[PDB]
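FYI, side chains are in, hydrogens and waters are out, and symmetry mates aren't considered; it's all heavy atoms of this structure. So you know, we letter chains A, B, ... as the sequences are listed, proteins then strands, and number each from 1. Every number for a ligand or one of its atoms is a count from 1 in the order of the listing.
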There are 2 protein chains.
Amino acid sequence: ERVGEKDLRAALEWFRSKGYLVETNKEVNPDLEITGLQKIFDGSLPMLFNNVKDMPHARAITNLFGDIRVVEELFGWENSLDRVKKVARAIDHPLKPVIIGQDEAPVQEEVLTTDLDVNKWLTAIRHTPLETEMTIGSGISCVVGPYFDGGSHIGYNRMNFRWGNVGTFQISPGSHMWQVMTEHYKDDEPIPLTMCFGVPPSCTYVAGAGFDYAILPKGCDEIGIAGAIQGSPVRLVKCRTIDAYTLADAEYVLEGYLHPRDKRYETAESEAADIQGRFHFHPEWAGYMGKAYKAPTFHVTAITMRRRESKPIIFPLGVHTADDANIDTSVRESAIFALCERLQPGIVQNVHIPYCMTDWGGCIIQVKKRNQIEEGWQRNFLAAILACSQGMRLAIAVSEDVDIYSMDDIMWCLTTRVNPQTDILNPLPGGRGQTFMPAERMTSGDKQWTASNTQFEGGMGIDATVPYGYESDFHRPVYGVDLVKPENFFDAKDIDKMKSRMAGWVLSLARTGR
Amino acid sequence: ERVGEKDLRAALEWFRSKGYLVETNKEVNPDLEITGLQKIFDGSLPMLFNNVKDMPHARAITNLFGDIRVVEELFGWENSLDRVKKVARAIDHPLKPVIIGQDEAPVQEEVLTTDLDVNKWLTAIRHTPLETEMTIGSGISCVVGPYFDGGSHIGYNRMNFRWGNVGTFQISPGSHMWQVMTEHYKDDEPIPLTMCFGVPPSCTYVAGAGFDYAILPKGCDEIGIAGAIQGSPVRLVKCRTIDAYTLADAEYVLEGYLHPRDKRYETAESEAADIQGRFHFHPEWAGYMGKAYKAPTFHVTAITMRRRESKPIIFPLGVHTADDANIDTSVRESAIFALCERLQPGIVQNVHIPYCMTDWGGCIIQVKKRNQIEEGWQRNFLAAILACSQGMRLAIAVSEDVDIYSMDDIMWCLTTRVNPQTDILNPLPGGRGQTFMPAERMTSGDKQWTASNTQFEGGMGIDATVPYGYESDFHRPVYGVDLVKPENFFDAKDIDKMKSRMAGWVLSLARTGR
Ligand SMILES: CC(C)(COP(=O)(O)OP(=O)(O)OC[C@H]1O[C@@H](n2cnc3c(N)ncnc32)[C@H](O)[C@@H]1OP(=O)(O)O)[C@@H](O)C(=O)NCCC(=O)NCCSC(=O)c1ccccc1
Ligand SMILES: CC(C)(COP(=O)(O)OP(=O)(O)OC[C@H]1O[C@@H](n2cnc3c(N)ncnc32)[C@H](O)[C@@H]1OP(=O)(O)O)[C@@H](O)C(=O)NCCC(=O)NCCSC(=O)c1ccccc1
Ligand SMILES: [Ca+2]
Ligand SMILES: [Ca+2]
Ligand SMILES: [Fe+3]
Ligand SMILES: [Fe+3]
Ligand SMILES: [Fe+3]
Ligand SMILES: [Fe+3]
Ligand SMILES: [K+]
Ligand SMILES: [K+]
């Protein structure tokens with residue numbers, strides 16, 4: 001039980017071989033140093049901390065998915081478009097996970113069944129100095145089998161263990177865990193599930209997915225999609241205590257039960273005066289400071305991990321980082337692409353969810369109309385995307401002469417290609433939204449800022465595409481950037497001196513010439 | 001007549017002293033090489049071409065205003081906010097221009113009164129290979145005195161001299177030249193004006209202004225604003241033939257008359273079949289390929305210039321460059337700031353028109369609400385900006401915790417802070433727009449794409465501001481980027497290796513920590 005063929009340690013070895021690994025040996029605080037160093041180097045190389053404060057048996061990795069280029073190099077993709085198409089193909093073709101014995105799983109070298117103090121072994125962090133609680137935000141849930149209709153689910157859930165071996169368990173309403181909890185709410189037996197830590201990067205990648213249930217409904221095989229992404233099946237193992245399955249190649253696994261009707265407060269102040277949605281609880285995906293709520297409790301029965309002499313790795317990450325944004329929006333991009341290809345194939349060329357929009361709030365699709373009969377399909381695509389995403393606030397459709405990765409080019413399409421009377425779609429006013437957007441706090445009024453009181457404004461679908469047959473009038477003004485060579489006119493020093501000053505939309509426009 | 005104290009040559013000497021000047025000696029074509037080399041190095045250092053093809057007496061400068069940092073260093077401003085405030089102050093305090101004699105003006109060393117072939121002396125360029133005509137797009141008009149109500153006007157006008165000494169003269173409807181032409185349309189005497197070339201950079205800066213006539217109405221002193229910007233009065237000189245005044249420190253001056261009722265076609269193909277708004281005429285400010293129209297004719301009576309042995313400099317520039325964008329939108333930014341400060345002072349903090357939006361299509365203002373009584377002033381500001389700009393299509397108001405120079409941060413505010421039911425303003429449907437936007441071609445139908453047939457959709461004012469009293473719920477999630485020092489944990493090599501991979505919104509977020 002010491003090999004994990006494709007896991008976090010092999011990924012660290014590949015990162016060290018490629019030269020992408022930044023590793024230090026100095027003792028780092030989980031309090032306001034890991035997330036601070038992650039935000040200082042946001043969207044960059046992975047950082048490995050060998051020594052963690054008050055965690056003598058644990059290492060810590062961060063910014064693992066921060067640069068999307070090294071992630072695409074890890075999984076063998078050339079660019080983001082190839083990544084989107086390959087992960088859509090992997091969604092439609094899962095690899096069924098294999099079950100190995102309880103003696104070759106590396107996560108079951110040490111099995112703690114007593115003295116269950118989760119905060120002693122797992123590294124809880126604080127993100128900002130405005131917080132009061134150190135929370136565990138590193139684990140993915142793992143529901144395999146009868147509670148997920150014979151499929152499998154992996155996904156992140158934040159936990160605050162402020163009762164020793166009992167901690168809160170934050171569930172987004174509408175998610176797979178919400179659907180499992182809603183089905184088994186009125187039950188006597190609690191839901192058995194495991195929280196896995198230091199998982200293979202494919203499992204992190206698929207655990208980022210969410211609110212894409214027209215493509216990945218309840219009963220799908222998310223671990224199958226992770227196995228299809230890494231190109232080999234993800235190994236499972238039966239738990240020691242509960243009746244479930246874990247990722248065998250993880251670094252830590254918490255086994256236990258979820259009690260849905262046992263709801264407790266996440267912080268001490270919101271418990272002190274009984275108010276959800278007011279007190280600060282570590283910044284959220286929307287790009288604002290989060291709020292503390294009531295949440296069901298996760299009753300840990302066993303802590304299994306690797307050997308503490310091997311120093312198992314945990315992956316703590318801040319929420320408003322490019323790390324967290326890549327983790328969610330990559331597989332959500334390919335799911336949106338899959339839905340638009342299902343509705344009408346051959347029209348959508350590329351789907352991109354930038355860091356700027358949010359995890360769950362926005363997307364940009366790029367359509368190409370081949371004839372007059374395909375005119376109008378972008379409005380079907382925008383309405384279907386906004387309806388099938390639960391609280392996406394802004395979907396933008398652009399034409400094929402646009403750089404989809406530049407927000408300056410998107411703003412140019414918003415300025416020049418949008419009729420404000422006809423091209424703004426508000427499809428579903430009064431539907432379901434995401435309560436973590438404070439624009440829905442503005443609709444709750446003086447009631448409690450919970451999901452029961454918010455009112456969705458309906459989303460915003462912006463059709464910034466060129467009408468068919470008007471491609472000559474909306475033609476983009478390509479210059480002669482390949483008809484002239486600057487090496488004739490200037491030397492190397494003038495050329496790189498002028499090239500060092502360019503940044504952004506000029507860098508996008510100088511490649512394309514438009 | 002050989003000194004111009006603040007002019008283009010002194011600016012070139014200062015650029016060479018600062019090391020910002022890139023100069024070559026190889027013979028460059030005005031056909032598809034100058035604009036190509038400008039787009040290859042878009043938004044960068046100035047380029048000086050000593051040898052121009054078929055122009056043995058002329059030098060050519062380009063990308064002079066391409067980097068806004070070297071422009072702010074030239075005029076003595078620290079950042080863009082200081083530039084906006086100082087140019088607003090200079091707008092409210094002009095320096096009256098001085099008139100010097102006809103023998104100390106350096107632009108009147110050589111006075112050609114016969115053999116007036118404008119294309120022989122002035123460099124006409126072609127931008128894209130899709131064009132057929134080589135046009136002159138380097139000169140600014142100069143109307144001083146009785147035709148501009150005792151004030152002065154400077155502004156660019158494109159000209160195509162396809163009749164020897166008679167060329168077209170493109171006037172935007174609504175502009176100062178349009179107001180002068182509209183007042184003197186039914187007159188027998190033509191309007192006398194001069195086209196000045198190679199002007200001081202302050203005159204280029206103020207000549208970029210347009211459609212800001214609540215702040216700079218007809219009868220204002222635009223040359224006074226140029227003198228206030230450079231800090232010394234701009235010298236004028238009486239013309240040799242016509243009854244007007246020119247910029248004395250220019251490099252070339254065309255003297256002549258504008259005939260408003262003598263309208264001719266700009267290209268040969270649109271003249272060949274009598275259609276405005278269809279055939280390609282060198283890309284425009286909207287970011288599309290332009291169209292050819294009918295335009296009044298400029299009848300050149302005299303060409304005055306510097307000594308041809310001194311090789312006078314002309315400034316040809318492509319239209320969809322950061323050069324052209326800085327030239328217009330800088331003074332238009334300060335004019336929008338001045339209007340918002342006039343309506344209610346102390347609320348607008350910063351105004352920015354990025355390259356991405358357009359010259360005349362968009363702006364971003366940044367407001368700060370000090371109390372509850374100032375809530376709602378951003379909607380007055382958006383409506384006033386959209387009404388007083390003639391065809392601005394998209395105005396966005398953001399709060400003060402936003403980086404106004406990052407379009408990713410603006411897109412984040414569009415995703416998270418806009419109610420699509422209440423925060424989208426469409427103030428003036430059916431007003432006046434700009435015909436060069438093809439979104440107004442979509443409203444002309446099968447009539448002619450002219451300004452007489454377009455129908456404005458009304459503009460789009462987006463209130464992406466935080467409501468007052470909800471700053472705690474919309475609080476931005478500042479991390480500890482100054483509580484931890486990366487020099488402790490890593491060496492220099494790991495630090496700059498990680499810093500070299502960051503670009504864009506991560507660069508904006510890693511300074512601020514949010
Ligand atoms: C939505 C709840 C849970 C509603 O609680 P409250 O309003 O306080 O109301 P109650 O709790 O009292 O229950 C009401 C009554 O209805 C019943 N009933 C309830 N549920 C069920 C059910 N499932 N099934 C069946 N029935 C159910 C039940 O009978 C109950 O009555 P009892 O209990 O029997 O007396 C609220 O706590 C909340 O706002 N949570 C936060 C929402 C959120 O957005 N989390 C996002 C995290 S993602 C983010 O971290 C992230 C994302 C990406 C990257 C990074 C980060
Ligand atoms: C707007 C016009 C000029 C209208 O012409 P048409 O539709 O063909 O119609 P007509 O010409 O036949 O005249 C109609 C009748 O009305 C009368 N009348 C007319 N005018 C006046 C008057 N002023 N005053 C009084 N009356 C006037 C007159 O009586 C006339 O009848 P007649 O003539 O007596 O029989 C059109 O040619 C056009 O679309 N131009 C392009 C517009 C444009 O946007 N240019 C933008 C350039 S900026 C860009 O380059 C840039 C910006 C930043 C950076 C970089 C680059
Ligand atoms: Ca993404
Ligand atoms: Ca600008
Ligand atoms: Fe799931
Ligand atoms: Fe459109
Ligand atoms: Fe003017
Ligand atoms: Fe708002
Ligand atoms: K998931
Ligand atoms: K002007």
Side-chain angles (χ1 to χ4, degrees), chain A residues 375 378-379 396-399 413-414 416-420 422-424 462-467 470 474, chain B residues 135 137 140-143 148 151-158 168-186 206-213 216-223 225 260-263 265-266 270 274-277 281-287 290-296 317-321 323-325 327-329 331-332 358-361 390-391 432-440 442 444 447-454 457:
Chain A
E375 164 67 38
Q378 76 277 355
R379 283 153 179 273
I396 298 165
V398 296
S399 292
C413 294
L414 291 192
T416 67
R417 278 168 181 183
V418 178
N419 197 309
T422 75
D423 290 355
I424 313 289
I462 299 186
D463 175 22
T465 62
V466 176
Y470 297 95
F474 287 82
Chain B
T135 65
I140 62 165
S141 57
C142 178
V143 186
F148 207 62
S152 70
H153 152 77
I154 42 173
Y156 279 92
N157 289 96
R158 83 211 180 162
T168 69
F169 191 90
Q170 173 69 221
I171 291 175
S172 317
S175 58
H176 282 150
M177 281 320 286
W178 185 266
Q179 289 155 42
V180 169
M181 181 174 106
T182 309
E183 178 157 353
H184 304 285
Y185 198 79
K186 313 219 318 249
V206 184
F211 298 105
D212 49 357
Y213 306 132
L216 310 181
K218 190 190 183 210
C220 75
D221 208 1
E222 284 165 72
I223 311 182
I225 298 151
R261 295 181 319 272
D262 184 17
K263 302 206 202 67
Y265 274 94
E266 277 176 328
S270 49
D274 291 332
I275 290 179
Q276 309 190 40
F281 193 56
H282 92 274
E284 279 316 298
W285 60 272
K291 301 301 173 191
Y293 291 87
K294 306 193 64 179
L317 68 155
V319 184
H320 197 70
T321 53
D323 202 11
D324 167 91
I327 282 173
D328 294 79
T329 61
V331 51
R332 210 173 87 138
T358 265
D359 284 11
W360 295 338
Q390 196 176 339
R432 295 299 311 160
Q434 301 278 352
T435 219
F436 275 9
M437 286 285 198
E440 302 185 26
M442 288 307 297
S444 68
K447 291 191 288 292
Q448 217 166 14
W449 185 12
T450 61
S452 358
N453 308 323
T454 50
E457 317 106 305

Inset, instruction - Heavy-atom distances under 4.0 Å are what count here, so tell me which part of B:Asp324 touches ligand 2: side chain, backbone, both or neither. - result: side chain
Inset, instruction - Provide, to 0.1 Å, the distance between atom 12 (O) of ligand 2 and the closest protein heavy atom, together with that atom's residue and name. - result: B:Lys263 NZ, 4.8 Å
Inset, instruction - For ligand 2, indicate whether the residue B:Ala451 contacts it via side chain, backbone, both or neither (heavy-atom separation under 4.0 Å). - result: both
Inset, instruction - Measuring from the Fe ion (ligand 7), name the closest N, O or S atom belonging to B:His153. - result: ND1
Inset, instruction - Measure the CZ-CH2 distance between B:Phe436 and B:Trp449 for me, rounded to the nearest 0.5 Å. - result: 8.0 Å
Inset, instruction - Could you check which N/O/S atom of B:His176 is closest to the Fe ion (ligand 7)? - result: ND1
Inset, instruction - Indicate yes or no: at least one non-hydrogen side-chain atom of B:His153 is less than 4.5 angstrom from one of B:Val180. - result: no
Inset, instruction - Flag B:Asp328 as yes when one of its N or O atoms lies below 3.5 Å from any N or O atom of ligand 2, and as no otherwise. - result: no
Inset, instruction - For the residue pair B:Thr450 and B:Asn453, confirm or rule out a side-chain donor-acceptor distance under 3.5 Å. - result: yes
Legend entry - For the Fe ion (ligand 7), the closest N/O/S atom belonging to B:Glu222: OE2
Legend entry - Which segment of B:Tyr156 sits under 4.0 Å of ligand 2 when only heavy atoms are counted: neither
Legend entry - Whether B:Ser270 side chain and B:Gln276 backbone form a donor-acceptor pair below 3.5 Å: no
Inset, instruction - Distance to 0.1 Å, residue and atom name: give those for the protein heavy atom nearest to atom 43 (C) of ligand 2. - result: B:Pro173 CD, 3.6 Å
Inset, instruction - Can you confirm whether something in the protein, heavy atoms only, sits under 4.0 Å from atom 35 (O) of ligand 2? - result: no
Inset, instruction - Nearest heavy atom to atom 5 (O) of ligand 2 wins, so pick from B:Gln276, B:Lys294, B:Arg158, B:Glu183. - result: B:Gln276
Inset, instruction - Out of B:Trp285, B:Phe436, B:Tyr185, indicate the one that has the non-hydrogen atom closest to atom 51 (C) of ligand 2. - result: B:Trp285
Inset, instruction - Between B:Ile171, B:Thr450, B:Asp359, flag the one that comes closest to atom 54 (C) of ligand 2 by a heavy atom. - result: B:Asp359
Legend entry - Exercise check, heavy-atom protein proximity under 4.0 Å to atom 39 (O) of ligand 2: yes
Legend entry - Closest approach of any protein heavy atom to atom 4 (C) of ligand 2, naming residue and atom: B:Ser452 OG, 4.2 Å
Legend entry - Within-cutoff protein neighbour (heavy atom, under 4.0 Å) for atom 14 (C) of ligand 2: no
Inset, instruction - Starting from atom 50 (O) of ligand 2, find the nearest protein heavy-atom neighbour and note its residue, name and distance. - result: B:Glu284 OE1, 2.9 Å
Inset, instruction - Please determine if B:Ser172 has a nitrogen or oxygen closer than 3.5 Å to a nitrogen or oxygen of ligand 2. - result: no
Inset, instruction - For atom 45 (N) of ligand 2, find the nearest protein heavy atom and state the residue, atom name and distance (0.1 Å precision). - result: B:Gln170 OE1, 2.8 Å
Inset, instruction - Flag B:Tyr293 as yes when one of its N or O atoms lies below 3.5 Å from any N or O atom of ligand 2, and as no otherwise. - result: no
Inset, instruction - Please work out whether any backbone atom (N, CA, C, O) or any side-chain heavy atom from C-beta onward of B:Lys186 is under 4.0 Å from ligand 2, and answer side chain, backbone, both or neither. - result: neither
Legend entry - Atoms in ligand 2 with a heavy atom of B:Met181 nearer than 4.0 Å: 23 (N)
Legend entry - ligand 2 N/O within reach of B:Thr435 N/O, cut-off under 3.5 Å: no
Legend entry - 4.0 Å heavy-atom contact, B:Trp360 with ligand 2: yes
Inset, instruction - Indicate yes or no: at least one non-hydrogen side-chain atom of B:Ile171 is less than 4.5 angstrom from one of B:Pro260. - result: no
Inset, instruction - Would you kindly specify which portion of B:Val319 sits under 4.0 Å from ligand 2, judged on non-hydrogen atoms: side chain, backbone, both or neither? - result: side chain
Inset, instruction - Measure the shortest side-chain to side-chain distance between B:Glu457 and B:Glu440 over non-hydrogen atoms and say whether it is less than 4.5 angstrom. - result: yes
Inset, instruction - May I ask you to identify the nearest protein heavy atom to atom 20 (N) of ligand 2, giving residue, atom name and distance to one decimal place in Å? - result: B:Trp178 CH2, 3.8 Å
Legend entry - Heavy-atom donor-acceptor pair, B:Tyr213 side chain to B:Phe211 backbone, under 3.5 Å: yes
Inset, instruction - Classify the contact between B:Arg261 and ligand 2 as side chain, backbone, both or neither, using a heavy-atom distance cut-off of under 4.0 Å. - result: neither
Inset, instruction - Please answer whether the main-chain N or O of B:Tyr185 pairs with a side-chain N or O of B:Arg261 as donor and acceptor at a distance below 3.5 Å. - result: yes
Legend entry - Sidechain-backbone polar pair: B:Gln170 side chain, B:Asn157 backbone, donor-acceptor under 3.5 Å: no
Legend entry - Side-chain donor/acceptor of B:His176 to backbone N/O of B:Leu216, under 3.5 Å: yes
Inset, instruction - May I ask whether atom 8 (O) of ligand 2 is less than 4.0 Å from at least one protein heavy atom? - result: yes
Inset, instruction - Indicate yes or no: at least one non-hydrogen side-chain atom of B:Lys291 is less than 4.5 angstrom from one of B:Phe281. - result: no
Inset, instruction - Keeping the roles fixed (side chain from B:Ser152, backbone from B:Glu222), state whether a donor-acceptor pair exists under 3.5 Å. - result: yes
Inset, instruction - Output the distance between atom CD (B:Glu266) and atom OG1 (B:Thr135), rounded to the nearest 0.5 Å. - result: 8.5 Å
Legend entry - Side chain proximity check, B:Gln390 to B:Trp360, heavy atoms < 4.5 angstrom: no
Legend entry - Straight-line distance of B:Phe148 CZ to B:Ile154 CD1, nearest 0.5 Å: 10.5 Å
Inset, instruction - Looking only at N, O or S atoms, find the one in A:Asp423 nearest to the Fe ion (ligand 6) and name it. - result: OD2
Legend entry - Sidechain N-carboxylate O distance under 4.0 Å for A:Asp463, A:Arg417: no
Legend entry - Side chain to side chain, A:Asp423 and A:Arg379, heavy atoms closer than 4.5 Å: yes
